[PDB]
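Residues per chain, in single letters:
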Amino acid sequence: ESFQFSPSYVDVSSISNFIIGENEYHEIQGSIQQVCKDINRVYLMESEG
Amino acid sequence: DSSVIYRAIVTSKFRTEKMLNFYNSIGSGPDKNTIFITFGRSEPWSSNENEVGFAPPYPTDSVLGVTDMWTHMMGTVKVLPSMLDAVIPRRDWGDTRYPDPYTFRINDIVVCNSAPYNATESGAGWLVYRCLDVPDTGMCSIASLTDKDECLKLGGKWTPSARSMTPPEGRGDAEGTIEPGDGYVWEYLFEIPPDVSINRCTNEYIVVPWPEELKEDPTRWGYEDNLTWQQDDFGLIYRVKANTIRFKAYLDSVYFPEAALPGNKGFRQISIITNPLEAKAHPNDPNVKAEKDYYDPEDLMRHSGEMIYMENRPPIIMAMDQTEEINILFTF
Amino acid sequence: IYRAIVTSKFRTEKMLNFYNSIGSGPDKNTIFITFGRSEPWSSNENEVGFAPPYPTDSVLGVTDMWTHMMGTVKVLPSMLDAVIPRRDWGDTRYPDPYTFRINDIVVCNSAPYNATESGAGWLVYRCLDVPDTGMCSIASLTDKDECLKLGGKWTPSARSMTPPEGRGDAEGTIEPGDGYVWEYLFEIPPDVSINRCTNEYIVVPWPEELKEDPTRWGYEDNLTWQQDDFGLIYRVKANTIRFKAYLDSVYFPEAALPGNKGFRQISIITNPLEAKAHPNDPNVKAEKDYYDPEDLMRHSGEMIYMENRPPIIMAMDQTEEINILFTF
Amino acid sequence: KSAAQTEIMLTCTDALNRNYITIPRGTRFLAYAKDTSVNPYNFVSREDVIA
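For this deposition, the record names cryo-EM as the technique by which the model was determined and cites 6.77 Å as its resolution.

Written out as C-alpha cells, the structure is:
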C-alpha cells in the first residue's frame, strides 16, 4: 500500500523500492553421515535442488 | 601516597549465574532447598492501618523478630521450581502506552507478535528482538557530543532521532532492516510460543526460558535454528542477561479456612521460609523436610529451616471463594 | 504502603548454594582464574599512585581480556571457605583490644597474649553483654539499657578482664563478675587455623565439612535440640567467601621468563570447555588445574569478575598467591 | 493556519552514482504561485526521502 502509481514512471527501481515482496533467509537442514569412516572427511555441496 | 590502586568489576552475568544456581538449589526432597511462604497477623498494625497513606512498621530481623513473625503466622505454602522463572522487562514494538514505541536505543530488547498493532506475522507466538543499532541522527546522553558515533566512541548512551518504521523481523541472525534502509538494526533472539506468553507473560515482563527447559525443546522456543558454534549452548539467558526471577504462588481459602472466614481482618505481613522441618511429637525424632503444599503453622516445627525474607503490609483481607495470587521477583 | 526485608542470613544462603554449585566434573560449576595483559597500561603504569583504567564489561571488553589472557587456574571447592573478620582478645596493636561490643565475635587462644589455654585450637566467642558504663552511638542517651532499648549502638567504658572461656552456653564470666558476658560457639582445630587463617579473617567451617567432625571443630558439644543442626554458619552470619588460588611459574614458564613486565589484570572464569580440533566434537569441561588460554576454547565458560591492576611482574621460581573475597 | 501541501516527483541524477540515493528533509524549492506577488514561495521537503 501507500504509493500511488498513476501514469507516472519509466523507472523499474523506484517501484522496486518496495514492490512489497519478500527477502532472504537461512535454514539448517538435517544431520550428516560420513561417506566413509569420518564425517570431518566429507564435504558438502548443494545445488538449488 | 597510595602505592597500589586497582580496579575490578563483576559482570552482570554473575547476577544471572547466581540465579541459575539459585534456581538449581530448590530441591525436590533431598539436599536442595525447599521453600515455604507464609502470611499472618490478623492483628491490626494500628487503628490507622485502614486509612490512606498508612505504612505498616518496617519489619524487624532478629531471633525476636523471627519469633513474632513466626508467632502470628496464619498459613504456609510450598513452591515448586516450575513456578520460578527468569524474566526480563517486556518491551513491545509500537506500543503506545509506554514512551517512544517507535524509538529504540542500542541493545534494547523488543518483543514482536505480542499485540495486534505489534504483530507482523500470524500463526506464530511472540518474538523477541534486541536492537543493535539505532538511527545515526539523535542525541547523546553526554551533552558534549552531537554525533551518535562520536557519542558511542566515548561510550555515552545515544538516543536516535528517527523512529522505527517497522517492527523488526526475521529469524535471521543479523537482520534488522539492513538493506533497503533504516537507522535501526535489530537482533533476533528466539520466538515465544503463545500459551506460555498467555500464561506466564505479564505485559511489563516477558518470561525468559531456562537453559534446562530449553534443552528439552529448542524449537518450541524457536531457538533450534541457530548457529551457536559452541554446539548445544541453550545458555540463552546469558545472552539476554536476565537478572530477575519471578516467584509465582497461588493462595486459596480452602487450605486455611480459618484465616479466610468472614470478618478476618486479614493478614498484615508476609514471610517466606526455606527448608523448614515438620512438627514432631518427640524432639529426639529425626527432622523431616516438608513436602505438602500448605501446612497450618502448627504442622511445621517451630523455627525449623531459615526464613530469608520478611514483609509487612497494610492488612490484606483474604476471603473464601476468592482466589488470590502473589508474585515476588528477584534481581540477584 | 508496605515494608519488607531480607534476612542477613540470605547473604549466607547465597554462598551455601554458590558453595554447593562448584561442581567436580558434571553439571555443576567449575571455576578458572586467569591473568593476562603483559601489555603496559601506560608508561606511568609502574609509578606510584597509578590506577589502571576502570574496567569495561562488554563482549568487546571480554574479548580483549580474553585476548591477552596469559594463564588459567582452576579452583577446588576446598579452596573456598566461609570467613569472618578476625578479632582477637587483648591485641595491643589495634584499638580497644579489651573493649568489646555486643554480638562481636572474639577469637581466643590465637596468640600468647590471647592464649588462655594450651592444647586446644582457636576458640570463637561472641560477646552477648557489655559493661553497663559506656557510650551510646546516639549522643542523646546516657544509658546503655536505654540506648539499646531504643536500639542505638552502645560503646562500653569498661574493658574485659580476660578473654572468655568454657564450652558452656553463656559463660560469661557472668557469676563472679565482669561487664562482658560470653557465648561459646565452636573451637577451631590448629591445622586448619594456621593454613587457612588470614590475620584479618578467620576461616569459618562449612556445614558439610562440619557434618564430618563436630569435634574437630569443637561443635560436637552443643545442645542443638534439632538433632544434627550444623547450620552453624547461620549463627555467625558469614556473608563472605575467600577464594584461595595458587599461581606457579612452572605451569606457565613463558610468562615466567626473565624480563616480563608482568600481567596487568586478572579474570576468573566458570565452566569453560576444552579446545577441540573439530568444532563438531563434543564439548569438554576443564578438569586440569591450569590451561594455557590456548588449550581452552575461545570465549568458553563465563567470567563473572574482571579486574585491572598496576602491572605485577611474575618471575620463575617465584611463587605468587591470590586471595579473593566475595561479599554476597 | 495550514501550509501549502503538494507532492512532486523530481527527476535527478546522482553524480556519485551511488545506486542508493536520498533527498534530505527540508530541501528548498522556489514556488511561483499564481501571482498575488511575483516572489517565489519556498517549499521545503517535509522529510527526507530515499531513491
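## Structural notes on the overall build of chain D
Scanning chain D for helices and strands turns up zero helices and four strands. Sequence-ordered secondary structure for chain D, helices as α and strands as β, is β-β-β-β. Relative to the globule expectation of 10 Å for 51 residues, the C-alpha radius of gyration of chain D, 14 Å, shows a markedly less compact shape. Taking the principal axes of the C-alpha coordinates as reference, chain D spans close to 40 × 20 × 15 Å. Taken across its 51 residues, chain D has 6% of its residues classed as buried. A total accessible area of about 5100 Å² is found for chain D, and carbon and sulfur atoms account for 54% of it. With 6 positive and 5 negative side-chain charges, chain D shows a spacing of 7 Å between the two charge centroids.

## What to know about the interface of chain C and chain B
Opposite the 45 residues of chain C that make contact, chain B presents 45 residues. Across the interface of chain C and chain B, roughly 4200 Å² is buried in total on both sides, 56% from carbon and sulfur atoms. It is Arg 3, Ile 5 and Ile 304 of chain C that lose the most area in chain C upon contact with chain B, and together they represent 17% of the buried surface on that side. Here chain C and chain B share one salt bridge between them. For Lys 9 of chain C, the salt bridge identified is with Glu 306 of chain B, shortest N-O distance 4.0 Å. Taken together, the links from chain C to chain B amount to 21 residue pairs in polar contact. Counting residues per element, the ones that place at least two in the side of chain C that touches chain B are β1 (3-6), α1 (8-21) and β14 (305-308) of chain C. Looking at the side of chain C that touches chain B residue by residue, the class counts come to 23 nonpolar, 12 polar and 10 charged. Looking at chain direction, strand β14 (residues 309-312) of chain B and β1 of chain C are connected through four bridges and run antiparallel. Residue pairing for β1 of chain C: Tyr 309 of chain B is matched across the bridge by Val 6 of chain C.

## Focus: the UniProt feature "disulfide bond" in chain C
Residues and elements named next belong to chain C. A sulfur gap of 2.0 Å between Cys 136 and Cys 147 means the disulfide that UniProt records is present in these coordinates. In this pair, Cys 136 sits in strand β7 (residues 134-136) while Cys 147 sits in helix α3 (residues 144-150), placing the two residues 11 residues apart along the sequence. For the residue pair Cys 136 and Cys 147, the accessibility class agrees, reading buried in each case.

## Notes on the state of the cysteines
Scanning all chains against the criterion turns up two disulfides over all chains. Between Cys 140 of chain B and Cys 151 of chain B runs a disulfide, and the two sulfur atoms are separated by 2.0 Å. On the sign convention where negative is left-handed, the bridge of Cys 140 of chain B and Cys 151 of chain B, at about 70° about the S-S bond, is right-handed. Pair noted here: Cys 140 of chain B is in strand β7 (residues 138-140) and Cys 151 of chain B is in helix α3 (residues 148-154), with a separation of 11 residues, a long-range link. With respect to class, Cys 140 of chain B is no different from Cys 151 of chain B; both count as buried. One disulfide in the model links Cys 136 of chain C with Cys 147 of chain C; its S-S distance is 2.0 Å.

## Concerning the arrangement of the chains
The interface with the most contacts, out of five pairs of chains in contact, is the one formed by chains B and C. Nothing in chain C touches chain D; the tightest C-alpha to C-alpha distance between them is still 32 Å.

## Thoughts on the packing of helix α1 (residues 12-25) of chain B against α1 of chain C
Running from amino to carboxyl end, α1 of chain B crosses α1 of chain C at an angle of 80°, the nearest separation of the two axes being 9 Å. The pairing of α1 of chain B with α1 of chain C is recorded here as roughly perpendicular in orientation. Each of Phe 14, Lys 18, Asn 21, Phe 22 and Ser 25 of chain B in α1 of chain B lies in contact with α1 of chain C, whose residues at this interface are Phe 10, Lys 14, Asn 17, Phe 18 and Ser 21 of chain C. For the contact of α1 of chain B with α1 of chain C, the per-class residue count stands at four nonpolar, four polar and two charged.

## Some thoughts on α1 of chain C
Taking 1.5 Å of rise per residue, the 14 residues of α1 of chain C would be expected to cover 20 Å, and the 20 Å separating its terminal C-alpha atoms lies within 8% of that figure. All of the buried residues in α1 of chain C are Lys 9, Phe 10, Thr 12, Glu 13, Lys 14, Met 15, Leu 16, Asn 17, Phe 18, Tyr 19 and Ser 21 of chain C. On its buried side, α1 of chain C packs onto α1 of chain B together with β4 (80-85), α5 (207-212), α6 (233-236) and β11 (240-248) of chain C.

## Points about the side chain of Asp 225 of chain B
Position of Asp 225 of chain B relative to the elements: it lies in the loop between α5 (211-216) and α6 (236-240). Despite its burial, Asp 225 of chain B remains without a salt bridge, the nearest opposite charge being carried by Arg 171 of chain B at 6.5 Å. One polar contact links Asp 225 of chain B to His 26 of chain A, side chain to side chain, over a distance of 3.4 Å. Beyond its immediate stretch of four places on either side in the chain, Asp 225 of chain B contacts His 26, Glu 27 and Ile 28 of chain A together with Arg 171 of chain B.

## Some thoughts on the domain arrangement of chain C
Residues and elements named next belong to chain C. Along its sequence, chain C is carved into domain 1 (6-81 + 240-328) and domain 2 (82-239). When each unit is reduced to the centre of its C-alpha atoms, the spacing between domain 1 and domain 2 is 35 Å. Facing the 19 residues of domain 1 at the interface are 14 residues of domain 2. Carbon and sulfur atoms make up 61% of the area that domain 1 and domain 2 hide from each other, which totals about 1500 Å². Our enumeration of links across domain 1 and domain 2 arrives at one salt bridge. The partner of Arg 196 in a salt bridge is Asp 81, with the nearest N and O atoms 3.4 Å apart. Only α1, β4, β11 and β15 (319-327) provide two or more residues apiece to the side of domain 1 that touches domain 2. The element best represented in the side of domain 1 that touches domain 2 is α1, accounting for eight residues. Classifying every residue of the side of domain 1 that touches domain 2 gives eight nonpolar, six polar and five charged.

## Considerations on the pairing of strand β4 (residues 84-89) of chain B
Residues and elements named next belong to chain B. When you tally the buried positions in β4, you get five out of six residues, the bulk of the element. Where β4 lies against strand β11 (residues 244-252), four bridges are found, and the strand directions are antiparallel. Residue pairing for β11: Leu 84 is matched across the bridge by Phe 247. With four bridges joining them, β4 and strand β10 (residues 205-208) adopt antiparallel strand pairing. Pairing of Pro 89 across the sheet is with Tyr 205, part of β10.

## So, the sheet that holds β10 of chain B
Residue and element names in this part refer to chain B. Strand order in this open sheet of four strands is β10-β4-β11-β15, and the pairing throughout is antiparallel. Each end of this open sheet is capped by a strand with a single partner; those strands are β10 and β15 (323-331). Strand-to-strand twist across the sheet, computed as the mean angle between neighbouring axes with direction ignored, equals 40°. In the packing of α1 onto the sheet, contacts are made with β4, β11 and β15, and the angle to β11 comes to roughly 35°.

Definitions and limits used
Residues numbered from 1 in each chain as written, not as in the entry; some residues may be left out. Chains lettered and ligands numbered in written order. Part of a larger assembly, values for the part shown. Heavy atoms only, no water. Helix = DSSP H or I, 4+ residues; strand = E, 2+ residues; numbered from the N terminus. Rg over C-alpha atoms; globule rule 2.2 N^0.38 Å. Buried < 20%, exposed > 50% of the residue type's maximum accessible area, 1.4 Å probe, protein only. Areas by Shrake-Rupley, 256 points an atom, 1.4 Å probe, with all protein chains shown as cover. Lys, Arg positive; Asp, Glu negative; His and termini not counted. Charge placed at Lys NZ, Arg CZ, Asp CG, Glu CD. Contact = heavy atoms within 4.5 Å. Buried area = accessible area lost by both parts, 1.4 Å probe. Salt bridge = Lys/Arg side-chain N within 4 Å of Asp/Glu carboxyl O. Polar contact = N/O pair within 3.5 Å; in protein donor to acceptor, adjacent residues only side chain to side chain. Nonpolar A, V, L, I, M, F, W, Y, C, P; charged D, E, K, R; others polar. Pairing = 2+ DSSP bridges. Disulfide = S-S within 2.5 Å. UniProt positions renumbered as here; feature names shortened; annotations may be inferred. Axes fitted to C-alpha atoms, helices over the stretch in contact; angles between N-to-C directions. Parallel < 35°, antiparallel > 145°, perpendicular 65-115°, else oblique. Expected span 1.5 Å × (residues − 1). Domains from an automatic or database assignment.

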